[PDB]
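Asks:
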Amino acid sequence: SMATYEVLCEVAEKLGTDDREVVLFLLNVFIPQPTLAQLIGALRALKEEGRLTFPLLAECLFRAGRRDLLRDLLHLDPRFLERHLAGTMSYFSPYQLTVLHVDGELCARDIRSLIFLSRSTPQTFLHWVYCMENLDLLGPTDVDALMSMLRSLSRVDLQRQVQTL
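Counting with the authors' numbering, you get residues 0 to 117, 124 to 170 for the letters of the sequence shown.
1) Pick helix, strand or coil for residue 30, following the three-state DSSP scheme.
2) Check whether the Cβ atoms of residue 102 and residue 130 sit closer than 8 Å, and answer yes or no.
3) May I have the straight-line CA-CA distance separating residue 2 from residue 31, to the nearest angstrom?
4) Taking the C-alpha atoms as reference points, what is the distance between residue 144 and residue 98?
5) Are there 16 or more other CB atoms within 10 angstroms of the CB of residue 161, so buried, or fewer, so exposed?
6) How about residue 69 and residue 55: do their beta carbons lie closer than 8 Å?
7) Of all the options 133, 152, 21 and 110, which has the alpha carbon lying nearest to the alpha carbon of residue 124?
8) Leaving out the 5 sequence neighbours to the left and right, which residues in its chain are closer than 7 Å to residue 120 when beta-carbon positions are compared?
9) Can you grab the Cα-Cα spacing for the pair residue 117 / residue 163, in whole Å?
10) Let me check understanding here. Comparing Cα to Cα, which of 108, 5, 52 and 107 lies closest to residue 90?
See below:
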């Protein structure tokens, strides 16, 4: 299965300011605070270098939290895809899935404190994680740079799920 170029444009229009950052992270190619041109520009490069398969995008929208779109553009049943991607193995790494979950369990007070504690990561948790990818501090092998930043913030309860995944 493969992601159609025409469908890819319809997904980029219906993606909000905050959703953009999440999708790009799950697809590996990430650009912080992206415009419509920047979002389609990365998507076109994945569907041109064969990487953008149909179930990679179907799962990408199911994991991002946009279950409305599966039945809108992809014409899939999100209830069947939910029951399907449970027994089926996930396209994404448990490191990509952990970062996305840690993102959701963060508060506005913590996200501002994140910046003042640590280019200089403009108002994004995924933007800070992207810095560590280039600065060799966060990776699927090493997540202790995040564990220290979690303990030294307030969310000490998130270190248990992180230590697992």
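Idealized CB from N, CA, C, for every residue including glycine.
Replies: Taking the geometry as given:
1) coil
2) yes
3) 23 Å
4) 10 Å
5) exposed
6) no
7) 133
8) Coordinates for residue 120 are lacking, as the chain steps from 117 to 124 with nothing built in between.
9) 19 Å
10) 52
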